[PDB]
Structure formats: C-alpha cells, structure tokens
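Notes follow the structure.
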Amino acid sequence: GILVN
Amino acid sequence: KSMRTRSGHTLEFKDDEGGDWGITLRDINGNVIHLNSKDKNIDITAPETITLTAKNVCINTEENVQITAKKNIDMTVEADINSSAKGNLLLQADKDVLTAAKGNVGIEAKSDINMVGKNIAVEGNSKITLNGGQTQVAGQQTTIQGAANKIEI
Amino acid sequence: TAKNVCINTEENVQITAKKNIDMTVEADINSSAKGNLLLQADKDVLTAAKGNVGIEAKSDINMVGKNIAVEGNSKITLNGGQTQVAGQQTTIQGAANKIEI
Amino acid sequence: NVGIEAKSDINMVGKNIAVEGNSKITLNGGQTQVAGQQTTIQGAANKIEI
Amino acid sequence: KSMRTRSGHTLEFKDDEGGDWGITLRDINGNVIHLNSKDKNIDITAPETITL
Amino acid sequence: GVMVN
Amino acid sequence: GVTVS
C-alpha cells in the first residue's frame, strides 16, 4: 500500500 | 423671483407648489446647486470636478450610503484604515483580490474558517507549521517529500 | 454628480450608516495605507473572486481559528523548509490505504 | 465564519506560515504534496522525520 | 456685482469671461463655496469641518 | 533517512 | 503506534 523510498 | 447678471449667473426662487418648487443657484456652463422642496432633496452637479477640502469630513446617514464610479476608487491614507460592520463584510471582484503587507498578515476568526479553490499553494521560506487538535489529510495520491528520499501513499 | 470627486483632509474621515455601505466600480478598487489595515466584522467576513487570490507578506503569517478546513480540486502544495505537523491524532489517508500516526 | 473562495488559484507567500486550530485541521483534494528539507509528524509521543 | 454685510458676509458675481468668472458665497473666517464657471468646478472649503 | 520514533 | 490500514 505504501512505496516509501 | 430671480436675480441675473449679464454673463448668465442666476439665483432663482420658484413658488409653484404643484411642481417646480425650490431654490436654484447656477450658471450657464452647467454648475448647479438645487434645493428641491417637493421631494426634499439636495442636488449638486458639476461638469468636471467637485472638491471637498477641510480638516475633518463627516457623513452621517440613517440608511444606505452608495458610491458608484465608471473607473477606479482610490483611498490613500498616512495612518490606519478601519472598517467595522455588525453583519457581513463582502470583498468581491471579477478578476482578482490581492492583499500585500510589508509586515504580518493576521487572520483570526472565532468558530469556523473555510478556504475553497481549484489549486492551493502555500510557499514558506523558513518554516511551515501545522498545529492543531486532530490533523487529517486526504487525496487519491498523497506524497511526502523532503531532502533525498520521499514517502509515497 | 460630477466627472471626478475629490475629498482632501488634514485629519480623519468618518462615514457612518445605520444600514449597508455599497461601493460599485467598473475598473478597480485600491486601498493604500502607511500603517495598519483592520477589517472587522462581528458576524461574517466573506471573499469571492473569479480568479486567483493572492496573499503576500514580508514577515510571518498567522491563521488562528477553529475547525480550519481546506478544499481543493487539482493540487495542494506545501513548499518551504523545516516543515512541521502536530496534533494528538494525525491520520494520513490515500486511495484504499491510510496510516494513523 | 471566514470564507476565502477562488475559482482559479490561491497563492500564499510569506516568511513564516503558522496555522493553529483549536479543534480540527483538515486537508482535502487530490495530488497533495508536502515538501521542504526537514519534515516531522508528531502526536502523543510518536516522532518520525524525513 | 456684490451684496455685503457689516461683518463681512458676501455674495458676489464676477462677469470677467476671460479671467475670474463665477459665483462665490463666503465670510471673513474662511468658509467658501465657489462655483468656477471658467473651469467648470465646484469647490467647498471649511477651516474645521464639513458635515453631510 | 526515515527516522521513526 | 502506527497503522498501515
């Protein structure tokens, strides 16, 4: 759900 | 009953109470001051300019005050400008509404504050602070940036 | 009624009414002062423009209030430096996912 | 209430911008961006940084 | 052509078409109402206050 | 990078 | 103290 960095 | 000179200057009294009842002071070029008794009005007309120069100017009215122009309205002051109302205060324009201050800008409003627009841009230079009770941000694609890396939601 | 109207004074100008004050213009309205500029109302303050609304200040900007809400349609941008976000409950929600921090 | 409504854009430029909501602050609209150099989000005791 | 009073109250007409031309209503302290026929102006002046 | 609490 | 829901 997240793609941090 | 009248008094006239050879240039055309006039001071006239009209006694007909069934119409045209009042006092007139005028000249042929088009400057008029008319006191109307049938309607209880005062009219001042100048073809070019009307100037009111004094130390203080006071306008007192028990109803509306209307100012209308076909061009700009200017208000220049060497001190504060104050505007107070017991109802709403509308600032409406058809092109733009710009507010520039050489110091601070303070928007303090009890109860609610609302801002609606197509695009919102907030541009800081030193710090951007968002302090509140509960903070919530929405959006279909929210990105947190800064320095090297970033967080994508 | 004239072509131009000028009011020059060495001291204050006071306009008082028991009803509305209306200012209708075809070109522009300008208000310039060397000191403060206070816009006060005890019921409501409303602004509506068919264009961009600009706020400029060569100092800090403060917006004190309650239930501050911001609405957009295309983009919301927060640019600057040393950005900070505070609050007891801080939820960041996206499309079919969210984080509560 | 105070209403700032525009139909093209809204642009704010200042040295420091501070928002203090006594109860609630909400941000809505697609394509939200938060940027800068240091970004912090806090809470009871949580403190994350970028 | 004028009408004057022992304290200085004046109502005056000037017929000099090239030059000073108009109507004035004034007293000696500084209150003037002047209808300028040459320039098509109306000027109202008071040392202290004007009230509408 | 991302310094968590 | 962080969710990913």
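So you know, we letter chains A, B, ... as the sequences are listed, proteins then strands, and number each from 1. Hydrogens, waters and symmetry mates play no part in the numbers below; they use all other heavy atoms, side chains included.
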Q) For atom CD of B:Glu123, is the number of surrounding heavy atoms from other residues, nucleotides or ligands below 6.0 Å larger than 12? A) yes
Q: Determine yes or no for a side-chain-to-main-chain donor-acceptor pair under 3.5 angstrom, with E:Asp43 supplying the side chain and B:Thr51 the backbone.
A: no
Q: Tell me, with the steps shown, if E:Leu35 and B:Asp27 meet side chain to side chain contact (heavy atoms under 4.5 Å, CB included).
A: CA-CA 8 Å; E:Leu35 276 71; B:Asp27 54 70; 4.1 Å; yes
Q) Distance from E:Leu52 atom CG to B:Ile59 atom CD1, nearest 0.5 Å? A) 5.5 Å
**Q.** Stepwise side chain to side chain donor-acceptor pair (under 3.5 Å) test for B:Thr5 and E:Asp15
**A.** CA-CA 8 Å; B:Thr5 65; E:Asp15 292 308; 3.2 Å; yes
Q) Are the side chain of B:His9 and the backbone of E:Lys14 linked by a donor-acceptor contact shorter than 3.5 Å? A) yes
Q. Where do E:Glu48 and B:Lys55 come nearest, in terms of heavy atoms and distance?
A. O-CB, 3.2 Å
Q: Return the minimal non-hydrogen interatomic distance between B:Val32 and E:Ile42, and the atom names on each side.
A: O-CD1, 4.1 Å
Q: Could you tell me which of E:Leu25, E:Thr51, E:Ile33, E:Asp16 has the largest number of non-hydrogen atom pairs under 4.5 Å with chain B?
A: E:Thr51
**Q.** Any B:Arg6 side-chain heavy atom under 4.5 Å of E:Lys1 side chain
**A.** yes
Q. For E:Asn36 and B:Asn31, which heavy atoms make the closest approach, and how far apart are they?
A. O-ND2, 3.9 Å
